[PDB]
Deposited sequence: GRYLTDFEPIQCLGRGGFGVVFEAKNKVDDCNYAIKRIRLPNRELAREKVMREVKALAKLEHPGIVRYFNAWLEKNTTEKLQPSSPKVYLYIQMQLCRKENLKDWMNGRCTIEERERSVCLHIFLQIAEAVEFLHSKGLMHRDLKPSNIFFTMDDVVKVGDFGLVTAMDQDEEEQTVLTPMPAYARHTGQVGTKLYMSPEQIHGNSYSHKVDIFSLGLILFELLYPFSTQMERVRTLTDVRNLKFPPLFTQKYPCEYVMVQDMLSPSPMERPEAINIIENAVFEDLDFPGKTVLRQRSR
């Protein structure tokens, strides 16, 4: 139907539903289009449709721009048309910059700040992200940082304990992810294995001595954001207003 009639597929961008890059025939722009298999049960399906109505009202510099949502009968599919972001995500970005010198403090903090501001926005709306990790943080063609796909529903490396264990949870889950991301932005790794060895240590509040001495302030921030107890993690607003971000 509409998808095949109105768009030309270009390439698959990810699966987990699926996300395609596709060109709209009429306006000639390329878009990221997510196809989601709709639940068969009436109640579960209504939950998804309610979430679409909420998200579609969102407008913020850190949130990917929304264009359209529609259904198609195969089982029913929900299609979501978003602005196409760059192929290089934040994971790639850090992979191409494995030395301190390639990670200018200022640039790194400005990246993180945009993420935290998008998160603060969602929390203020009574929403949470739940899936914050570098492979799911994007750049626009004009280099604006975007939190990635969320709502309407991989590595657990950035996932809070309570979220991993299926315990009751709040917006505080996003703060835990932010903590690990801030550390990772400021601490380049030589190899993939070193990355995993170190991050699993950070999760458990064991930091590289070089980091604690190079970044004493970000260090206590990260420590707080990574409290195993969610009540103890700072509000996104508190993080955004931290002194470390005062040099603009």
Parts of the chain sequence, as deposited, that carry no C-alpha coordinates in this structure: 17-18, 77-86, 166-191, 287-299
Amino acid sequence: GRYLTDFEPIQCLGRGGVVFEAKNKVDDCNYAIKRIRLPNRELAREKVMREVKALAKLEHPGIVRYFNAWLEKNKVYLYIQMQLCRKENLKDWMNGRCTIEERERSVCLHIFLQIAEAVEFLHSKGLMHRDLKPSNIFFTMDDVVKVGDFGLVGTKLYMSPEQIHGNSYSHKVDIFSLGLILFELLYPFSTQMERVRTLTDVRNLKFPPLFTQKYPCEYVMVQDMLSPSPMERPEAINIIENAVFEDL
From here on, numbers count along this sequence of modelled residues.
Please compare 23-31 with 36-44 and name the stretch with the higher mean C-alpha B-factor in the deposited structure. 36-44
Entry-level comparison of average CA B-factors, 5-13 and 226-234, reporting the higher stretch: 5-13
Highest recorded C-alpha temperature factor, please, choosing from 154, 148, 134, 161. 154
By the entry's values, the third containing the CA B factor of residue 75 is the highest
Could you say whether, by C-alpha temperature factor, residue 204 belongs to the lowest, middle or highest third of its chain? middle
Within-chain third of residue 94 by Cα B-factor, per the entry: middle
Sorting the chain's modelled residues by C-alpha B-factor and splitting them into thirds places residue 179 in the lowest
Third of the chain, ranked by Cα B-factor, where residue 69 sits: middle
